[PDB]
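Quick notes on the structure that follows.
Every number here is computed from the coordinates shown, using simple stated rules; none is lab data. All Cβ positions, even for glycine, are placed from backbone atoms using ideal geometry, and neighbour counts span all protein chains on display.
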Amino acid sequence: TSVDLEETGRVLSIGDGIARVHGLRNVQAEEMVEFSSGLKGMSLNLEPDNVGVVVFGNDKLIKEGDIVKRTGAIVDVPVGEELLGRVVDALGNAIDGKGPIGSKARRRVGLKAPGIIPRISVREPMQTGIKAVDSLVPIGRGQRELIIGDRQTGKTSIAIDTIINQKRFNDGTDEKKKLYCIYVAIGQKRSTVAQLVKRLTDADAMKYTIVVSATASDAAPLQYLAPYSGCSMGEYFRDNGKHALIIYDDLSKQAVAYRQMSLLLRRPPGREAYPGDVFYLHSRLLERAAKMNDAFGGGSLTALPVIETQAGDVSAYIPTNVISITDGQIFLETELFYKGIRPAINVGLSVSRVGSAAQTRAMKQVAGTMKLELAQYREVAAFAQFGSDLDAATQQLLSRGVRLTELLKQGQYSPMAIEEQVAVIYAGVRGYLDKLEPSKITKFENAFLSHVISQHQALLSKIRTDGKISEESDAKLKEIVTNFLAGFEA
Amino acid sequence: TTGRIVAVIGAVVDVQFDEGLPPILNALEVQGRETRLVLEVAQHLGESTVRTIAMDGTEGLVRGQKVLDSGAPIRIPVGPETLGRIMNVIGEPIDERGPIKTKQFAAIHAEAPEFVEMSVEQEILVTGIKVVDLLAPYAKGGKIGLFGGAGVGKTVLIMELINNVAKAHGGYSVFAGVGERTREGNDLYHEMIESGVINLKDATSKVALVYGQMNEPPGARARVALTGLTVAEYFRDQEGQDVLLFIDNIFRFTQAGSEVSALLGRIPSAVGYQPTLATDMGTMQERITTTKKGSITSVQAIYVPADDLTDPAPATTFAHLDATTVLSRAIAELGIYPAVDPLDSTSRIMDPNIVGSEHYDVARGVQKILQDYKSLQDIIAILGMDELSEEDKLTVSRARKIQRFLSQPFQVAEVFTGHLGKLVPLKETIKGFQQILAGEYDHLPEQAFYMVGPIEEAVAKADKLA
Amino acid sequence: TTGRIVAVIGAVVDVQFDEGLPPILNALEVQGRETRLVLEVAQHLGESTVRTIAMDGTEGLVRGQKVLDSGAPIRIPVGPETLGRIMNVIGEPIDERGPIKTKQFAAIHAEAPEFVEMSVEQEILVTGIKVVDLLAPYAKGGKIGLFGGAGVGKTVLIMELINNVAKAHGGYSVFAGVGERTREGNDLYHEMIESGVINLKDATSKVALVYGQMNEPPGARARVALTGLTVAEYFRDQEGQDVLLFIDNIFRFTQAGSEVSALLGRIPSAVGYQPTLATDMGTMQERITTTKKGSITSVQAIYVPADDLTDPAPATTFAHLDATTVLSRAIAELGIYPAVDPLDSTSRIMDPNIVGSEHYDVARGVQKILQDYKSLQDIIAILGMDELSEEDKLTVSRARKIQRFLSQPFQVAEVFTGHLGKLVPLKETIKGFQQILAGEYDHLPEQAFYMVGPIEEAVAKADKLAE
């Protein structure tokens, strides 16, 4: 004889991924429940006469009258080094055809970020291998740095070059310098994610990368969940004295999936039909990226969330919401992209909130004042557009800025080692490029870099080991660029 | 068993069942109609009552009217005998040629190919259209989208592509008319009979047609794209053959969804759209794809409401595409056809490792000069070209010639241009724009580059002028 | 009295009481929780049911769970033992240093001081920040607001003010972290230990810390400002000494109210905000004040959503301030830091009878030249510099030098600028702008004036820029 609607319930209605359930008197808020068919759902609305359950899958598998059963707890995922090299869904299920995922550890998806005490200031470099990023808007371990811009401005490519960049460290035996990577795809098409994975495999980068994918035909709850699940995989490394990087590609699509769920749970819309707490959705996720003090292992999780703007409006609602969470942003623009400024980074509008503390001394030496200087250069360039009599100082400011702009142009899929970056920036910042035609700067950089790689590995290796430019290294560099430049000008 | 209608508002019909409730997506059959009226189960409302979406008009329905459960979603004829035929949303022949006696049927709802089924093959599909081939090339088995406001050139472009691609293609084609002009379907059908790509006397037809146009109620317009897809899915999977899929116009799918959502009583999303806009689109678009099992080269015309590319419908469509051709009203009004925006049209295969450095360099070089011309528009609009520096005047003159050389007479648009249609080899497209960028034709008048094929025609045209 | 949870939707929890219904604002204690979970009563819905806002996460709550009425609003530790410590919304220590060694408590909800309690005293508080001191100076015991969109420099400025004003302050300071970054809380905490303004071993701590950052649910973020200011009110009223109160960021109080508004059954007002936005703000702001009993110099960082200063949240905040520092992305984008809009920052004490005629004349002169240039920029961008009269191009060159001389390297911004921080005396600020206005540096390059302290550095920079 059954009268117990405490541990079970019955579907009253089902539509658009929302089941309203009678009973389930003992169900907890946010508890995962199971339908008759095997489908799972999260209990998000506990109302006096019903439970509003969001469905993790196709609601054709749910009917009025179907039983719903308590699970006892909230959502969790497979966690550990066994996920490396694997493509999984929003719940860590293997979707790559390589076989079941067998980790010795599991972790909850909805855990709160570490507070003030477990933390310590971001101070370790997270190298992207992208000159413009590492020099102008540097990222440290434990930092959150947004990648933001219109469609097809190069956002994913920043994240991809960054993942590929870590191979240099990961092939070694120093565990404190390694960086394990997590790419979370939200709302993308499966073929795009597949091409992404092919790229990471060809560069031999997949071996230290977990791909977490909730795609366009996955139900809205799965897309909403994917960032948190990926975050939990990354928090494993963070809490065990290791360093992880997580990319959320993208949070715009997660917000859209969350908006759907919320509207269909009949929670009243706010600005742009997004739920009243759309900020909190992203702020709780991104706060979990953190740098841990030595007491907690000294590990870290670095986040690169991605936001898509419309018509280049960085000042929009959701963009400024996410800008107002992260420790800086890399802003990309179509205008710059097609002008040949690739990576298409707007310097003045991009920031890092950690700054030189996230740089090696060598990089800090060559790039210390460059960001404000380039911001000022663009103002003067715009103002001097007409060929009106300009003084020597403004002309010099323009000459330098034009040449540094060329130097920060970079191709794809060849992220640069830090000592190499310092060496090229050095030639620009010390004034050796000032008399060269702007059109020949990339030619100079290509020839100069290949030369110092060829003949001066002792110098580069010394900059990499010391992490700085000593007075001896500075004298050697000075001799090299002077003689090289004298040959290049003829 | 049997249900009874309890509520009707436009496309939305509520039905109560006494014994056994149809699952979501099941096709219900309304009893006593002159022509088949299908209701698709959308939701279970509670109290043994389902909410459904009609596939045809609901006029004449009465509360208490009997409804039967077919025990399956909408199922349609699939296979070789769909070729040469026209069907509607529910797979009925609408060409007056009798039954479509296929050996198999298929439900119009199928799950999208899984991640494991994806192909990473990226091979260029040369169209002979200069703008496309140069700047944003299409790929074989790729997803192509043609964006455009009202009257700018979507359908002319899709028709030119059917002319340039399909004949060079060795396989089957499926055309889905979705919320567009019925008379455009009549035109296409009879032109295909005339050319012989549809044969009424033999089994040699290479095209299957599916139509649910702007005379249809929204349930039909929302589902007819799925009908088209299902036909293509068969040819891709059960024949493992190269398929071409043409859809005009996929926006109409989302618009129809907005109309039904309003009738379903959902809380509306931004711009009055259904809260399910993106997931609905994803579940449909993810089926329009090449797999390891077979190739679908898909070309979808995409309507742009009030010319606003940030409208949730077109804005959400971009990420579903491998190549995008974005048309511009401003460009059309200047007389440049096809009215492609050369700075807003993209392709995944625009990559030096794919198209070769020469192709890539000329493309980016063309785009640089066009962007440099663009960000002078403010000053030019006020003071004209004569105020600019000699340097900027040079970039304006070349950009204007490039803009014109990007225009091209279409075989399909001969009545409107007055010129014989032209198809240009890729190597000739690269060479022509290469020469312009190099300044080889700085002396030639701009109008010489307008509405030609290869660069030699621009030379010959200038010779006749002076 | 004991109730049962009847509904849970996000941060909003409905509780039914069979008997003694708790009044609005009361703090309720959820039973069967590992860590203390407080619900604040917001409404009486009828049918013996109250609607409440949770001060922590609602995960794990069950319909039927018992809830106790504490018989009072949220009460927190106040007094000198809060100094050098970190507290949360409900008064708990979050610094791993054990209990707050106090037994004096205060409700976080309180009536604002009456009209009779108001002070009209207003004297200049010099910051050493040129743009602030020259154009819109702060007043001791006054209400100061720092407006800005995302990432324009609100926090850097507040930290510079703490560095320039609070490190040499004769009383106590309260910093309230409201809906911001936890990393910034850790940064500030360890910085004050390094400077000695917080001492972990003796009782010489000068600053009390209260935090509820953007990792917390909206109830916490809606109430942490009240907690922070309650600590401040004690130091003002029960002592009588001068208090500095820093809040970053007060927008987050209004944002948190908007997050729960629909679930509290409210029809939205304009721009998705709660209908109660202005009265909510008024009851909170009117407590943040100097009285005849004691002085509070308050500095509040104010977020501006979508950079729109007409957004209801910042728009409603302006009227609560005596001095306004408005930061602009348009200015930050140029590398001009601090990114202060000199044509949108104001102060009650910018009056010739208060600051003197010299100060006032130079400030208005600077604003005039900058407004004249702003109006010309767009015309000259199209028609060209050569079309300007000699009088116009003189105002252009001087204005551009003035714009640059308003920029300044901050000590707290050394990691961003690559320049040593500078503090400029008010005397030197006035003189410097006076001389530029008078055409005394017409012969010097533009860039000499960028990112320096006193005017002597611009001269020295001009000499260095030669060779």
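Descriptive notes on the structure:
- Karplus 3J(HN,Hα) series, Hz, for the stretch B:423-432 with 6.51 cos²θ - 1.76 cosθ + 1.60 (x for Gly, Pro): 10, 10, x, 3, 4, 6, 4, 4, 4, x
- Interchain or long-range residues, amide H under 5 Å from B:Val304's placed H: B:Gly148, B:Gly149, B:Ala150
- For chain B, the alpha carbon convex hull comes to 157 Å³ per residue, rounded to a whole number.
- Helix A:441-455 axis, angle to chain A major axis (alpha carbon atoms, nearest 10°): 90 degrees
- Normalised contact order of the stretch C:74-349, rounded percent, pairs of Cα under 8 Å and 6 or more residues apart: 28 percent
- Trypsin sites (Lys or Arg not before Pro) within the stretch B:56-88, DSSP loop, no more than 14 other Cβ atoms inside 10 Å: B:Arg63
- Filtered GluC sites (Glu not before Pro), the stretch B:120-162: DSSP coil and at most 16 other beta carbons within 10 Å: B:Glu121, B:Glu123
- Each label point was placed 7 Å from the Cα along the Cα-to-Cβ direction; for C:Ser389 and C:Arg266 their separation is 5.4 nm.
- Efficiency of FRET from Cβ geometry, C:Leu45 and A:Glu335, R₀ 41 Å, rounded to 0.05: 0.15
- For a modelled paramagnetic label at C:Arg364, 7 Å from Cα along Cα-to-Cβ, no residue of the stretch C:376-418 is in reach, as no backbone nitrogen comes under 16 Å.
- Stretching the chain fully between C:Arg97 and C:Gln411 yields a gain of 110.0 nm (0.36 nm per residue, less the alpha carbon separation).
- Helical contribution to [θ] at 222 nm, DSSP H n ≥ 4, -39,500 (n - 2.57), averaged over chain C, rounded to 500: -9500 deg cm²/dmol
- Radius 13 Å from Cβ of C:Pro312, net charge of other residues (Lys, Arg +1; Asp, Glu -1): -2
- Take every Cα pair under 8 Å whose residues are at least 6 apart in sequence, average their separation, divide by the length of chain C, and the relative contact order is 16 percent.
- Gyration tensor analysis over the Cα atoms of chain A returns equivalent ellipsoid semi-axes of 49, 24, 18 Å (largest first, whole Å).
- Tensor-based shape of the stretch C:74-349 (alpha-carbon gyration tensor, a/c under 1.5 rounded, otherwise prolate or oblate): rounded
- Peptides C:107-120, A:432-445, B:402-415, A:315-328 ordered by average Cβ neighbours within 10 Å, highest first: A:315-328, B:402-415, A:432-445, C:107-120
- Contact order normalised by residue count of the stretch B:1-73, Cα under 8 Å, 6+ apart, percent: 41 percent
- Projecting label points 7 angstrom from Cα along Cα→Cβ for B:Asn199 and C:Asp237 puts them 9.7 nm apart.
- Shown for the stretch C:1-73 is the translational diffusion coefficient from the Stokes-Einstein equation, using the Kirkwood radius over Cα pairs, a temperature of 20 °C and a viscosity of 1.002 mPa s: 184 µm²/s.
- The distance linking the stretch B:14-35 with the stretch B:404-466 is 60 Å (Cα centroid to Cα centroid, whole angstrom).
- Taken as Cα centroids, the stretch A:22-64 and the stretch B:189-231 sit 42 Å apart, rounded to the nearest whole angstrom.
- For chain A, calculated [θ]222 nm from helices alone, where every DSSP H run of n ≥ 4 adds -39500 (n - 2.57): -11500 deg cm²/dmol
- More than 56 angstrom apart: percent of Cα pairs within the protein assembly as shown: 27 percent
- Extension gain, A:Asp174 back to A:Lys104 (0.36 nm per residue minus Cα-Cα distance, nm): 22.8 nm
- Rg/Rh ratio calculated on Cα atoms of the stretch A:4-73 (Kirkwood radius): 0.90
- Cleavage-rule hits (trypsin sites (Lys or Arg not before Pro)) in the stretch B:131-233: DSSP loop, at most 11 neighbouring Cβ within 10 angstrom: B:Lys167, B:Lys201
- 14 Å reach of a label modelled at A:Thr465, 7 Å along Cα-to-Cβ, counting backbone N of the stretch A:337-374: none
- Multiplying the residue separation of B:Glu123 and B:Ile382 by 0.36 nm and removing their Cα-Cα distance gives an extension gain of 88.7 nm.
- In nm, spacing of pseudo-spin labels at A:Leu111 and C:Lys464 (7 Å Cα→C-beta vector): 4.9 nm
- Counting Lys and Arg as +1 and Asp and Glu as -1 over every other residue whose Cβ lies under 9 Å from the Cβ of C:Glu259, the net charge comes to 0.
- Exposure proxy for B:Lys464, A:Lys177, C:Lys422: other Cβ atoms within 10 Å of each Cβ, ordered fewest to most, give B:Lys464, A:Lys177, C:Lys422.
- Gyration tensor verdict on the stretch C:350-467 (Cα atoms; rounded if a/c is under 1.5, prolate if a/b is larger than b/c, oblate otherwise): oblate
- On Cα atoms only, tilt of C:251-261 relative to the major axis of chain C in degrees: 40 degrees
- Reported to the nearest whole Å, the Cα centre-to-centre distance from the stretch A:133-152 to the stretch A:238-279 is 20.
- Eigenvalues of the alpha-carbon gyration tensor of the stretch A:74-359, scaled by 5 and square-rooted, set the equivalent ellipsoid semi-axes at 25, 24, 20 angstrom, largest first.
- Reciprocal mean inverse distance between Cα atoms of the stretch C:1-151 - Kirkwood radius, Å: 18.9 Å
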